[PDB]
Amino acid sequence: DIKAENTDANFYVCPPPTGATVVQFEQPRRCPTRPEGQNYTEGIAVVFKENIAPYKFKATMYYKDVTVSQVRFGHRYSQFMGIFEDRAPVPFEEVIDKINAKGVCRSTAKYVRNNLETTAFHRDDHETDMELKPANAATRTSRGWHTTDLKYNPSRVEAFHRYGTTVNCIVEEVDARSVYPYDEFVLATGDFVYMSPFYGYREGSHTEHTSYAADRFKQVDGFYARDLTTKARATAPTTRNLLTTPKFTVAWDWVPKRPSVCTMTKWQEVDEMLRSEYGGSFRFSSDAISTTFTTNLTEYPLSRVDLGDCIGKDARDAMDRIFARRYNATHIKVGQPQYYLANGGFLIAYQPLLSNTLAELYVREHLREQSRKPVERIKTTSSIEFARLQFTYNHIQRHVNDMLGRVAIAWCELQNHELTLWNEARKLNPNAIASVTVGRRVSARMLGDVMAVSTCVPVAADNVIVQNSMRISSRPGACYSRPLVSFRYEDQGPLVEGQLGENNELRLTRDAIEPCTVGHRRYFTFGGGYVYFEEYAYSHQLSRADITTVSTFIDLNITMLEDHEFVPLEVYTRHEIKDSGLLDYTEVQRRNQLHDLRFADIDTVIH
């Protein structure tokens, strides 16, 4: 009669474990260990980049503006028939004697042009010396001086003098620049000077390049300049270089090549650069700038660079400087500065430090820092993102490896310990612990130290009926603790006798009995729900919902890291920068060289 109302469940006939099949629990696994901690060397670091700025220096030009006009007069009007313009060099001798000495220039110009020695007379008059005045003030320009402010033109009546010669002697202070390898240079005027800024006579200067004839170049020793405005002469003297070109004479103070140019530029000072050896490479990290560089395990000889004699000295100045402001107390140096070549073409100067705390290895370390110890130009990349990605990935990589490492270690330690809990629980309830461990409904029992298991058998719910009395009629005072049941293995078969174990297990022997008692209330797992009993008499049925639920579970909500799309982004596009410069040479040239195609006629022949 009484069948389960919660049809939606399963019953299991669990054979007495014959003893034929025996299993053992797996015993505590070897658990991993926290990885060996990587050692970091503390240090001061200076990072260098390829130098891309020109060598820059001061020069002074000496030339005269020569103009020869050809004039012609009509009735109440005059026209230029021509205007000759040229630039002429001031001779060495006039620069020293006249100008530098007295601040004066000759009113005539005499130089070589088109293979001729030529002479021009201001106003076509007799030669004098003229005083030099500042050029009219102009915004953002270096200093200039000139003698003449007007262009001389012949008057209408001078019928034997239809040409008019002007001379304006000009001195200018100009910036000069020279690209590596400093074989020639330019002035601020746009004029190329095809001689090394480092060319000269003394100390292997005569090595450097010159495209000129020897007499175009003078090197004046013990030279004292004389400001042309203050009229004051310098306190110390220089080695004054002068080169006369066809259009100007240019002076400059001679200084040595190697102490003046360097192929590398200091880019970053880093207080704490962390050095950690691994992978056959060193790695250098700076959290200050969030950058990580990677060099070979061997030092890079500073002697291997061309014109790299700013590096050695640039490193130390800043280091000593930093070490003072940060380490002189808590720390000391270790060994003499080292140099390594990072990918990206960076050059790192590194000063190993040491806290007095670990002073015990001073003697130890002082050796190691000398094992990596020991011509070309280094191309540095424009983008540092790689070393910054490297830094970021690394920092994030190590962190999760560590905390997930630690997690994993605990998990194992926790499996090992809970076994002990299962070892006691097996004995209390072998069928359930077996069923769960083994991973299928089984019947089990201890055979000493191992467990026997037999595989259960399913029975339906329409194939399962319940008896409404747990009271043993013949033996009053004695009662079934749980309920009795009848069932059929298949939907239509002999109905069997047994009692309801836990978890809908159908137990064959009705052998589980207690001494009866009063108040008897019970709830017995029955199908998808519970069956209820008062005083060993079947009362009614229920569903799990009909009972409040509490949990034996510890909570944990993990959510995944969302997908994210990184779109291209640039502060200024390649064209914005192409459009930032005021004048564009290509554009101007193109336009200019359209003048005659646009406005005139380049093909027609008249005659």
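We number the residues from 1 along the sequence you see.
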Neighbours in the displayed sequence, residue 134 and residue 135 may still hide a gap; how many deposited residues lack coordinates there, none, 1 to 3, 4 to 9, or 10 or more?
none
Of 210 to 218 vs 501 to 509, the stretch with the larger average CA B-factor in the entry is 501 to 509
Between 468 to 476 and 182 to 190, the record assigns the higher mean Cα B factor to 468 to 476
Residue with highest C-alpha B-factor in the PDB entry, from 521, 202, 417, 399
521
Residue, from 67, 38, 51, 27, that the PDB entry assigns the highest Cα B-factor
38
Thinking about Cα B factors across the chain, which third does residue 572 belong to?
lowest
Ranking every modelled residue in this chain by its Cα temperature factor as given in the entry, which third contains residue 369?
highest
Test of reading the entry: by CA B factor among the chain's modelled residues, which third contains residue 265?
lowest
Using only modelled residues of the chain, where does the Cα B factor of residue 600 rank: lowest third, middle third or highest third?
lowest
Which third of the chain holds residue 540 when residues are ordered by C-alpha B factor: lowest, middle or highest?
highest
